[PDB]
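Reading through the structure tokens given below for one structure.
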Amino acid sequence: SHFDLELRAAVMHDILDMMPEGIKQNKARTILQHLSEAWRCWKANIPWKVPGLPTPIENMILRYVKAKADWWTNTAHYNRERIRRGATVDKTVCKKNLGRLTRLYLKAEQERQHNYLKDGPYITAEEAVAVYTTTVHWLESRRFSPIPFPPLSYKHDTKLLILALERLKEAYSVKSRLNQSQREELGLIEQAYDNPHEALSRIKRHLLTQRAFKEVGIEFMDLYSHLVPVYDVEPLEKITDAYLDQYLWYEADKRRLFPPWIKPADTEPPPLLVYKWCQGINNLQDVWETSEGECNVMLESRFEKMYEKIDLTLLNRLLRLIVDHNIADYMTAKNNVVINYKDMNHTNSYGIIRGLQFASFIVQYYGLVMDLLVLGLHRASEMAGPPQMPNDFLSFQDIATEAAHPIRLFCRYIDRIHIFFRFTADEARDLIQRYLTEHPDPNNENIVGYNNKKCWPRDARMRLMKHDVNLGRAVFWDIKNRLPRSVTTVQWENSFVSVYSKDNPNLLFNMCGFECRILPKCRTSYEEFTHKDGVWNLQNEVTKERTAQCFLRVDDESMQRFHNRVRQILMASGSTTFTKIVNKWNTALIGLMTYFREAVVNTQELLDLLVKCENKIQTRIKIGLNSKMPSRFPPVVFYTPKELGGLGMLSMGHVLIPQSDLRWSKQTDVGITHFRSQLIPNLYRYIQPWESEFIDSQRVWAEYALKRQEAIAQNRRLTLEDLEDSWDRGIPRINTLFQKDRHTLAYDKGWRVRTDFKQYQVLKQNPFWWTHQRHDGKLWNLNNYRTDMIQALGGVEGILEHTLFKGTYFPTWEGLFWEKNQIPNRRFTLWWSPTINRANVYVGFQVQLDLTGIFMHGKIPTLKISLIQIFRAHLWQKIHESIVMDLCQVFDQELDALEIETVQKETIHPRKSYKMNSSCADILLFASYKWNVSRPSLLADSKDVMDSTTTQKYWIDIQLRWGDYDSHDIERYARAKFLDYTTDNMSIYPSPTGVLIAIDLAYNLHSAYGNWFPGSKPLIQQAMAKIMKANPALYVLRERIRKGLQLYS
Amino acid sequence: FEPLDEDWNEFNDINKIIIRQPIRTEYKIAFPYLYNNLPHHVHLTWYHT
Amino acid sequence: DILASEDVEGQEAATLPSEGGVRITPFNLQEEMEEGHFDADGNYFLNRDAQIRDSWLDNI
Amino acid sequence: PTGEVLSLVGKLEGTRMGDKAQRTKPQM
């Protein structure tokens, strides 16, 4: 940005150095004010003009604005090219780049609307008369009765208003802190709840009277690949628009306006649409027979600029056939309003406002007008059937009208069309001749420019023989001729045509994100039947034998959108908690897997991408804990559920739990007992595939139908007793019959396309756009995942050894609770300190804290800030002195039973409590006459054989420990320290016979090793039990740990 | 060395190609213009002494 | 936001640098506030101005 | 075993997709 500043300085020097000194003293404080105002007026698209300005300096200002505009535009495009390819950048760069490209798109839209106002309507009158009379003939062929205006009391207005207000309040239920303009909207919605009939009167008055509307705001959703607009509407108009949306869909569903080929439907998740499309391709009359030169053609395409090229007057003329005319005038009047972005106002006159409530109707009706242009009236009448007996989706009247025409399968998702043709030899030759008559090809150039699917192998995708390529070009030409280019436009570069012939053994398409390859049984090898996931087995309806296979993959745009979502998650700041990142990863991973259920297993690049993104997410937390890279890191830090203090991260990968990390220990009155309890369970095994979920849906709904038919005749109401088998089953879950809102949700028609079009109204992204839980029920179960996750990590006692739990002295876990979704970083680090601060995690570098015996592996400031707070004010030395004084008061009483003549407390040096190179004795006992000593043995060892080495002096030393997950065995530690400190030239002990008592604070363990005179060992066992139960300094340490961890009971 | 994606055609049809002897790399190196597509920076080797 | 030296509740002295070959951490957050800084939530950020990079100095 | 999540390519031989997936009982 410094080069632009040097350029501005050079421009100002070239301006000021020409004028003399009496004008240098004036124009240094004259030009600089409006110099920024001219650039501001350019950026706000305001025409810059000021009187009293000379013309060469005005041309200099215009050259300055033009040069900075070119620099700014190329900088914005280069910044978008940096973040599109995946290069890392600061978040403020993307936040400014979104505004720059928002202003550029607004300048483009304001230009193209004025170009439409200047050049006139781009549609001719004859094409308008053609589509108008076509719609008239179609609606008179079906006897469609128009949608009436709701007069005074339709007796369903209350339920529709309730549904509209629920869909309006569905967005604001995420966060509990809102803005004032949002509080005003919630207040208006609550006032609409309080008085429904006044709200209905306001809606009907705005319908019959109002034609002017407040300005609609625009924002852009920041996808890394493609910008998408979100519109903001005034709430008083928004309530009326939502009620109009509900009433139009509920009337159009009853009047049967939409033919069954128009998709999405309310019955179907889009993978069911793909499955039924594959079954419809399979079940045709002799579809794979190519012995006489027949061909199959699969066209898929998209209507380019369908949303921007709708003329509003033509829309009103086509809309007045189906509703009341005031309703059509209200639907046209909302589209002609001023769009604002923060400085920029422009009116809308061409193209619809896609972010409206009722706009979900407008796209689905207008695109119906496209079906009369593409499919033809005769073939649409043969597909839909009579009005008194309509056909099903991908079904015909008879077989003769099925095979009477080549255009024999048709489907339209919102703007993507999928057509399937069956040609003979002579029809294909005639179509290729009709193509080559107008478009000759002397050099065979129609191979270059052919869109093909590179994700498949070379023998698996389309083989480009010349006849099949010419047939595909002819098919796309014949479809493109039927559409007037002023109304809609299809393009070859955005389309795809697959051909199945003698030279092409398999058929390809892309639909609903799925890459599908269909391959017949009779075009391949023998029976072998090795079962694979992502392989659908296709069978006939009549003979029920196998005919073909369907191979599923995930397309490239879904994987790129997922990788952009991972890059959005990795844009979290340093103050962001770890749990928010893990929750975003879990939401994204469920939104990937539960939609692409059976096809993630078949594609290998997505399985590599999931593991790569998961390791980047774990590395984001690894760098956040410590700056230095760890050599190892336990997965039980991550995959522990949030109830036990972990993160609850979902798994897609091959992670093996290492041995000797499933061990745990427990100390009781008989001593220290050890116990020993593998792969982390994956997500894809806990989700049903689509094919089994479809076959079971048909079964349970057939059994429901038979049970309902039996229950009607017996005067019996079906209850939970008869349906407690078919629970959790059906595509719409059977569980949805046991809604409280049956009469409420039964009036909601067309909910799936509305849920899909919520993306132009809400600023946040929407995973699970393809479903709604009240209408479908719930489509995954993950309690088994958490159960197997707790079971796979070695149990709760196996997890809690990593978690500093035994430093808190709670007897159980079940009565405990956390102080309140999210856990902070300090509490997480102090909780998982025994498994992070280990020797085999940060290799080599270790230090010691000053006033404690805590060994810090590496350096962790986020744990140091807690270990200073816990162990402040010499608590280590106070605990040591308290244990020494309590044991001295133990040895003070019961004097004659052990023949003790003098107990002596040694002068303890104030650094002795935490130095670990050497030690010294703490409590010295003098024998009255003589004491028999035993061999050096453990505290719990009872096989003691005493020697004749009678000694008088006895010494007792107290040692403290702060261990970790692998080194916390206090018995071998006390034995090693005894054998070290009794066999060295630096430690000082006045007696060769003694004992060392070791206490580990991080797990609260205690043991002893050394010599034993008679009567000393049960006394020391009971004394150390009494101390570990009743030391007040240990109680201060425990209450400080429980205060730091925020863990209560 | 490090390096310095083709659809099916009428040209590279394997039903037309008679597979008799497997073509190796040294065949493409000895005669770099007969067995190679896109021969950008090849050198003509010395034939015989 | 940033934490000061008064929000630590219990810093102490810095008596000995090492004993027995083991380096002693000086129990205060002075050198961590010299190298980097803290936020309000206790996370740590490190300064990254080490241009020459001095490959012997990093691991002595 | 230094962390390092691995890919599932080739590491599924006897594991299907629908296996070990259970449904819930009706509540009360």
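Naming works like this for the structure tokens: A, B, ... for the chains as they're shown, residue 1 at the start of each chain, ligands 1 onward in shown order.
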Got a sec: who's within 9 Å of stretch 21-30 of chain C, counting only C-alpha atoms, leaving out chain neighbours fewer than 5 positions off, as a PyMOL selection string? (chain A and resi 846-851+856+861+864-865+868) or (chain C and resi 5+8+10-16+35)
For the selection you just gave me, I'd like the residues written to a file as a CSV table (one decimal), in the first residue's frame, keeping N, CA and C atoms.
chain,number,residue,atom,x,y,z
A,846,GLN,N,13.7,-30.1,29.8
A,846,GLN,CA,12.9,-30.0,31.0
A,846,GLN,C,13.6,-29.1,32.0
A,847,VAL,N,12.7,-28.4,32.8
A,847,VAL,CA,13.2,-27.4,33.8
A,847,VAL,C,12.4,-27.7,35.1
A,848,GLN,N,12.7,-27.0,36.1
A,848,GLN,CA,12.0,-27.1,37.4
A,848,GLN,C,11.6,-25.8,37.9
A,849,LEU,N,10.3,-25.7,38.4
A,849,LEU,CA,9.8,-24.5,39.0
A,849,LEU,C,10.5,-24.3,40.3
A,850,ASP,N,10.6,-23.0,40.7
A,850,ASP,CA,11.5,-22.6,41.8
A,850,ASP,C,11.0,-23.2,43.2
A,851,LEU,N,9.8,-22.8,43.6
A,851,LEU,CA,9.4,-23.2,45.0
A,851,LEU,C,8.7,-24.5,45.1
A,856,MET,N,8.7,-29.1,34.6
A,856,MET,CA,8.0,-28.6,33.4
A,856,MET,C,8.8,-29.0,32.2
A,861,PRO,N,3.3,-21.4,29.2
A,861,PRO,CA,2.8,-20.2,30.0
A,861,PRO,C,1.4,-20.3,30.5
A,864,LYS,N,1.7,-22.4,33.5
A,864,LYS,CA,2.5,-21.7,34.5
A,864,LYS,C,1.7,-20.7,35.3
A,865,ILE,N,0.7,-20.1,34.6
A,865,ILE,CA,-0.1,-19.1,35.2
A,865,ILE,C,-1.1,-19.7,36.2
A,868,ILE,N,1.4,-21.1,39.3
A,868,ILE,CA,1.7,-20.1,40.2
A,868,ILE,C,0.6,-19.8,41.2
C,5,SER,N,1.4,-6.9,35.7
C,5,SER,CA,2.1,-7.6,36.7
C,5,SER,C,1.4,-7.6,38.1
C,8,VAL,N,-1.4,-11.2,39.0
C,8,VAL,CA,-0.7,-12.5,39.1
C,8,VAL,C,-0.9,-13.2,40.4
C,10,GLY,N,0.8,-13.4,43.6
C,10,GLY,CA,1.7,-14.3,44.3
C,10,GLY,C,3.0,-14.6,43.6
C,11,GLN,N,3.6,-13.7,42.8
C,11,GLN,CA,5.0,-13.8,42.4
C,11,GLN,C,5.9,-13.7,43.6
C,12,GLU,N,7.1,-14.3,43.4
C,12,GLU,CA,8.1,-14.3,44.4
C,12,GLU,C,9.5,-14.1,43.8
C,13,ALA,N,10.5,-14.4,44.6
C,13,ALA,CA,11.9,-14.1,44.2
C,13,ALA,C,12.5,-15.0,43.2
C,14,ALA,N,13.7,-14.7,42.7
C,14,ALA,CA,14.4,-15.5,41.7
C,14,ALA,C,15.8,-15.9,42.1
C,15,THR,N,15.9,-16.6,43.3
C,15,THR,CA,17.1,-16.9,44.0
C,15,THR,C,18.2,-17.6,43.2
C,16,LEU,N,17.9,-18.9,42.8
C,16,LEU,CA,19.0,-19.6,42.1
C,16,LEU,C,18.7,-19.9,40.7
C,35,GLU,N,9.1,-11.8,26.5
C,35,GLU,CA,9.0,-12.5,25.2
C,35,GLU,C,7.7,-12.3,24.5
For residue B:35, find every residue with an atom within 12 Å (counting only C-alpha atoms), except residues of its own chain fewer than 6 positions away, and show them as a PyMOL selection string. chain B and resi 23-29
Counting only C-alpha atoms, a student should be able to say which residues of chain D come within 6 Å of chain A; what is the right answer, written as a PyMOL selection string? chain D and resi 2-3+5-8+17-18+21
Could you dump the residues just selected with N, CA, C and O atoms as a short mmCIF file (atom, residue, chain, number, x, y, z; two decimals), in the first residue's frame?
data_model
loop_
_atom_site.label_atom_id
_atom_site.label_comp_id
_atom_site.auth_asym_id
_atom_site.auth_seq_id
_atom_site.Cartn_x
_atom_site.Cartn_y
_atom_site.Cartn_z
N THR D 2 2.63 -41.58 16.82
CA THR D 2 2.88 -40.22 17.27
C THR D 2 1.72 -39.33 16.85
O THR D 2 1.87 -38.37 16.10
N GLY D 3 0.53 -39.64 17.38
CA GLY D 3 -0.68 -39.03 16.90
C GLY D 3 -0.96 -39.49 15.48
O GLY D 3 -1.15 -40.69 15.27
N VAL D 5 -3.27 -39.11 12.57
CA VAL D 5 -4.45 -39.76 12.00
C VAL D 5 -4.15 -40.26 10.59
O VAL D 5 -3.52 -39.56 9.80
N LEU D 6 -4.56 -41.49 10.30
CA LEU D 6 -4.25 -42.13 9.03
C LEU D 6 -5.48 -42.18 8.14
O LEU D 6 -6.61 -42.02 8.60
N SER D 7 -5.25 -42.41 6.85
CA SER D 7 -6.35 -42.50 5.90
C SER D 7 -7.01 -43.87 5.96
O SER D 7 -6.41 -44.86 6.36
N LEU D 8 -8.28 -43.91 5.55
CA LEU D 8 -9.05 -45.15 5.51
C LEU D 8 -8.93 -45.90 4.19
O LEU D 8 -9.69 -46.84 3.97
N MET D 17 -20.94 -50.71 6.45
CA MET D 17 -21.43 -49.41 6.91
C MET D 17 -22.58 -49.52 7.90
O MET D 17 -22.62 -48.77 8.87
N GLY D 18 -23.50 -50.46 7.69
CA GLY D 18 -24.66 -50.53 8.56
C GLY D 18 -24.40 -51.27 9.87
O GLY D 18 -25.22 -51.22 10.79
N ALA D 21 -24.71 -50.26 14.17
CA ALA D 21 -25.58 -49.09 14.23
C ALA D 21 -26.91 -49.53 14.83
O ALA D 21 -27.60 -50.38 14.25
#
Quick check for you: according to DSSP on this backbone, which residues of chain C are classed as helix (DSSP H, G or I)? Reply as a PDB file with N, CA and C atoms, in the first residue's frame.
ATOM      1  N   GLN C  30       7.875 -12.612  34.488  1.00  0.00           N
ATOM      2  CA  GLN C  30       8.550 -11.444  33.934  1.00  0.00           C
ATOM      3  C   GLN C  30       9.091 -11.730  32.539  1.00  0.00           C
ATOM      4  N   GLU C  31       9.802 -12.850  32.380  1.00  0.00           N
ATOM      5  CA  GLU C  31      10.411 -13.168  31.092  1.00  0.00           C
ATOM      6  C   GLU C  31       9.372 -13.568  30.051  1.00  0.00           C
ATOM      7  N   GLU C  32       8.222 -14.092  30.479  1.00  0.00           N
ATOM      8  CA  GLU C  32       7.160 -14.395  29.526  1.00  0.00           C
ATOM      9  C   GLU C  32       6.479 -13.120  29.044  1.00  0.00           C
ATOM     10  N   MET C  33       6.375 -12.112  29.911  1.00  0.00           N
ATOM     11  CA  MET C  33       5.891 -10.810  29.470  1.00  0.00           C
ATOM     12  C   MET C  33       6.936 -10.039  28.677  1.00  0.00           C
ATOM     13  N   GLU C  34       8.214 -10.395  28.808  1.00  0.00           N
ATOM     14  CA  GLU C  34       9.228  -9.819  27.932  1.00  0.00           C
ATOM     15  C   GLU C  34       9.199 -10.461  26.549  1.00  0.00           C
ATOM     16  N   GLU C  35       9.052 -11.787  26.489  1.00  0.00           N
ATOM     17  CA  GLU C  35       9.020 -12.476  25.205  1.00  0.00           C
ATOM     18  C   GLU C  35       7.702 -12.273  24.471  1.00  0.00           C
TER      19      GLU C  35
END
Go through chain A residue by residue and, counting only C-alpha atoms, keep those with an atom at most 10 Å from chain C; for each kept residue give the shortest atom pair and its distance in Å to one decimal, ordered by chain and increasing number, as JSON lines.
{"residue": "A:574", "atom": "CA", "partner": "C:43", "partner_atom": "CA", "distance": 7.5}
{"residue": "A:575", "atom": "CA", "partner": "C:43", "partner_atom": "CA", "distance": 7.1}
{"residue": "A:576", "atom": "CA", "partner": "C:41", "partner_atom": "CA", "distance": 9.5}
{"residue": "A:577", "atom": "CA", "partner": "C:41", "partner_atom": "CA", "distance": 9.3}
{"residue": "A:624", "atom": "CA", "partner": "C:43", "partner_atom": "CA", "distance": 8.3}
{"residue": "A:625", "atom": "CA", "partner": "C:43", "partner_atom": "CA", "distance": 8.6}
{"residue": "A:626", "atom": "CA", "partner": "C:44", "partner_atom": "CA", "distance": 9.0}
{"residue": "A:627", "atom": "CA", "partner": "C:46", "partner_atom": "CA", "distance": 8.4}
{"residue": "A:824", "atom": "CA", "partner": "C:41", "partner_atom": "CA", "distance": 7.6}
{"residue": "A:825", "atom": "CA", "partner": "C:43", "partner_atom": "CA", "distance": 7.2}
{"residue": "A:826", "atom": "CA", "partner": "C:42", "partner_atom": "CA", "distance": 6.3}
{"residue": "A:827", "atom": "CA", "partner": "C:42", "partner_atom": "CA", "distance": 9.8}
{"residue": "A:845", "atom": "CA", "partner": "C:23", "partner_atom": "CA", "distance": 9.9}
{"residue": "A:846", "atom": "CA", "partner": "C:22", "partner_atom": "CA", "distance": 7.8}
{"residue": "A:847", "atom": "CA", "partner": "C:23", "partner_atom": "CA", "distance": 5.2}
{"residue": "A:848", "atom": "CA", "partner": "C:24", "partner_atom": "CA", "distance": 5.0}
{"residue": "A:849", "atom": "CA", "partner": "C:25", "partner_atom": "CA", "distance": 4.6}
{"residue": "A:850", "atom": "CA", "partner": "C:27", "partner_atom": "CA", "distance": 5.5}
{"residue": "A:851", "atom": "CA", "partner": "C:27", "partner_atom": "CA", "distance": 7.2}
{"residue": "A:852", "atom": "CA", "partner": "C:27", "partner_atom": "CA", "distance": 9.2}
{"residue": "A:855", "atom": "CA", "partner": "C:24", "partner_atom": "CA", "distance": 9.6}
{"residue": "A:856", "atom": "CA", "partner": "C:25", "partner_atom": "CA", "distance": 8.8}
{"residue": "A:859", "atom": "CA", "partner": "C:25", "partner_atom": "CA", "distance": 9.6}
{"residue": "A:860", "atom": "CA", "partner": "C:44", "partner_atom": "CA", "distance": 8.9}
{"residue": "A:861", "atom": "CA", "partner": "C:44", "partner_atom": "CA", "distance": 6.6}
{"residue": "A:862", "atom": "CA", "partner": "C:43", "partner_atom": "CA", "distance": 6.0}
{"residue": "A:863", "atom": "CA", "partner": "C:42", "partner_atom": "CA", "distance": 9.3}
{"residue": "A:864", "atom": "CA", "partner": "C:29", "partner_atom": "CA", "distance": 8.3}
{"residue": "A:865", "atom": "CA", "partner": "C:8", "partner_atom": "CA", "distance": 7.6}
{"residue": "A:866", "atom": "CA", "partner": "C:42", "partner_atom": "CA", "distance": 9.3}
{"residue": "A:867", "atom": "CA", "partner": "C:27", "partner_atom": "CA", "distance": 9.3}
{"residue": "A:868", "atom": "CA", "partner": "C:27", "partner_atom": "CA", "distance": 7.0}
{"residue": "A:869", "atom": "CA", "partner": "C:9", "partner_atom": "CA", "distance": 6.7}
{"residue": "A:870", "atom": "CA", "partner": "C:10", "partner_atom": "CA", "distance": 9.6}
{"residue": "A:871", "atom": "CA", "partner": "C:10", "partner_atom": "CA", "distance": 8.8}
{"residue": "A:872", "atom": "CA", "partner": "C:10", "partner_atom": "CA", "distance": 5.4}
{"residue": "A:873", "atom": "CA", "partner": "C:10", "partner_atom": "CA", "distance": 6.4}
{"residue": "A:874", "atom": "CA", "partner": "C:12", "partner_atom": "CA", "distance": 9.3}
{"residue": "A:915", "atom": "CA", "partner": "C:19", "partner_atom": "CA", "distance": 8.4}
{"residue": "A:916", "atom": "CA", "partner": "C:20", "partner_atom": "CA", "distance": 8.6}
{"residue": "A:917", "atom": "CA", "partner": "C:20", "partner_atom": "CA", "distance": 6.3}
{"residue": "A:918", "atom": "CA", "partner": "C:20", "partner_atom": "CA", "distance": 9.6}
Separation of atom CA of residue A:584 and atom CA of residue A:569, in Å? 6.8 Å
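Using only C-alpha atoms, the shortest contact distance between residue A:258 and any of A:21, A:511, A:750, A:158 is found at A:750.
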Residues of chain B no more than 10 Å from chain A, counting only C-alpha atoms: send them over as a PyMOL selection string. chain B and resi 5-11+13
How about saving the chosen residues, N, CA and C atoms kept, as a short mmCIF file (atom, residue, chain, number, x, y, z; two decimals), in the first residue's frame?
data_model
loop_
_atom_site.label_atom_id
_atom_site.label_comp_id
_atom_site.auth_asym_id
_atom_site.auth_seq_id
_atom_site.Cartn_x
_atom_site.Cartn_y
_atom_site.Cartn_z
N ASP B 5 -4.18 -38.13 -18.47
CA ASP B 5 -5.14 -37.05 -18.64
C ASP B 5 -5.42 -36.86 -20.13
N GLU B 6 -5.84 -37.94 -20.78
CA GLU B 6 -6.19 -37.92 -22.19
C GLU B 6 -7.47 -38.71 -22.38
N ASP B 7 -8.45 -38.11 -23.05
CA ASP B 7 -9.71 -38.79 -23.31
C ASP B 7 -9.55 -39.83 -24.41
N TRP B 8 -10.58 -40.66 -24.54
CA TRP B 8 -10.67 -41.62 -25.63
C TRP B 8 -10.91 -40.86 -26.93
N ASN B 9 -10.47 -41.42 -28.05
CA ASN B 9 -10.69 -40.81 -29.36
C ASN B 9 -10.98 -41.89 -30.40
N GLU B 10 -11.15 -41.43 -31.65
CA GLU B 10 -11.05 -42.34 -32.78
C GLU B 10 -9.61 -42.78 -32.99
N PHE B 11 -8.66 -41.95 -32.58
CA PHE B 11 -7.25 -42.16 -32.87
C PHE B 11 -6.64 -43.23 -31.98
N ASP B 13 -7.97 -45.60 -30.21
CA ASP B 13 -8.84 -46.75 -30.00
C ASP B 13 -8.00 -48.01 -29.83
#
List the spatial neighbours of residue A:268 as a ChimeraX atom specification - criterion: any atom at most 10 Å away, only C-alpha atoms, same-chain residues fewer than 5 positions off excluded. /A:263,273-274,276,731-732,752,770-771,776
